[PDB]
């Protein structure tokens, strides 16, 4: 129940011993305890933790990468933040500030003039040079010279002015102190402001400290990785890298992550930032930043699904990898790199393999255990693309990935250029129902197609969430039939079909499905949640069966979320949410290649050629829906709907968002932490 903290210096160990002590005084002898293992350096601390001779240490982003690498394999368990918990600042963004209308993007930096905070610094050197690495001229070692030739001239504080002069061209001597006006963050920004340099590599907040007036700021832009610019305040959605400020790592297996959280959580409680002048956790008389930076305000537990690569982030890991390794592709230069497609099942891997061979290298396969694991892989580069359903296009989007092509199902001869939007989920009731309105449903009787389903649950049950704020849905409706709820719940008390299949999510449950929930409306409930076509299909006699043969379309009305009502006829203006088609998602940096490669593939192996017999077919499956949905006609180009927020639709996103409040998703809670 004790946590062995690692200190990299006598001072730090003294502070640690104080920590240990003041944590004994009032903290049940059943509550966490601190032991102090003293090591000579960070690497020795990282090693101690992996060799199970210590348990935790706090490191800068760079050592968080090192700690993650074999054979240590350590992960981020607790984070240090710098604001209020309303605006807990745990990250910071390495951004590239430039002057408005100077016309050039990240990939057009050769020749330009650079301003770096200081050589060896994070945001100001390691990250930018890292990414830029493959664009530097060989020999790339020594690095300093190679950067000197890349740029036309720059101000690289602390660089070797003597040997590679052009690096102090904007600041002769390269002074490594405030003496040199272009040193440090502000020094680098000023280098840009004074117009000595074209681009200045600094922190996101750097410009917000050198220009108090939005007016002047509006004259500066930030270079983004997809070779486009954006307003300095849109840094979160345009930066070279996202860096964790200060992180606490542990072992990946074992590691006592939970115990560690229980320690520091309480610690920050008894000695938080004001909590006491007896013992200050984020400061010391013996020094500064001992154990934890002094600027700290508190701690935050890191979602368990997270690994260093996820925590550090794609861009960051990319930058550091290059520096650490140095490995470029003197391969073509423009010819698209093969698309690695992630498979979910054995049968998926098998179909993907058949596909890979037939594509002749343009398609490759990667196998992950679950949809979320595939998403983590597309996230960190181990994989590039895969098709997802609404719920996952949402999750994937929270994680930074983006929808690129949507799966099309209907109107077949115009396909390739017209993204389908979906099938409107509508709430239904009988016109002969008393004033029933959207915001009136409480205590009513419900009819659902089945729990978990989109049109009959997630969407409706998802919007209704803002009218409760708790996940106990069975106790909102007086009663109802929701195939799948617990056999006893109120959601099961209106379901017919007896025996073992009472309230079961299969057709043996009469009230199951679209048609089934309608019958459930007609025979026991006042509200049914289906889709826009469900009624026209089950009226006008279009349905033989007893209970339906005489039902008439006009005897019903679908509820509109603004309280009013409208005719089943114009569902288009009175639905709950749209409900999308499956979409291929991929990383922003691979978006281009995915379009080119897939269009050419759906060409060669699409629904076009029907001789699936003696050749390959992208849309047919040995099993069922492998890789794509079998009823897929083509992959549409999501022209401008290329972001989950623009492809899903506010209503849908609102709902799905609300539901993930009830059903966790470790991957989502992790991506949320890094950004949302």
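Numbering follows the first chain given and starts at 1.
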Regarding 359 to 367 and 514 to 522, which shows the higher C-alpha temperature factor on average in the entry?
514 to 522
Assert higher mean C-alpha B factor (345 to 353 or 137 to 145, deposited values) equals 137 to 145
Given 493, 256, 588, 293, the residue at which the Cα B factor reaches its maximum
493
Have a look at 372, 194, 330, 160 and flag the one whose Cα has the highest B-factor in the entry.
330
Chain thirds of CA B-factor: placement of residue 666:
lowest
Mind checking which third residue 609 falls in for C-alpha B-factor across the chain?
highest
For the chain shown, is the CA B-factor of residue 621 in the lowest, middle or highest third of its modelled residues?
middle
Test of reading the entry: by CA B factor among the chain's modelled residues, which third contains residue 23?
highest
Looking at the C-alpha B-factor of residue 30, is it in the lowest, middle or highest third of its chain?
highest
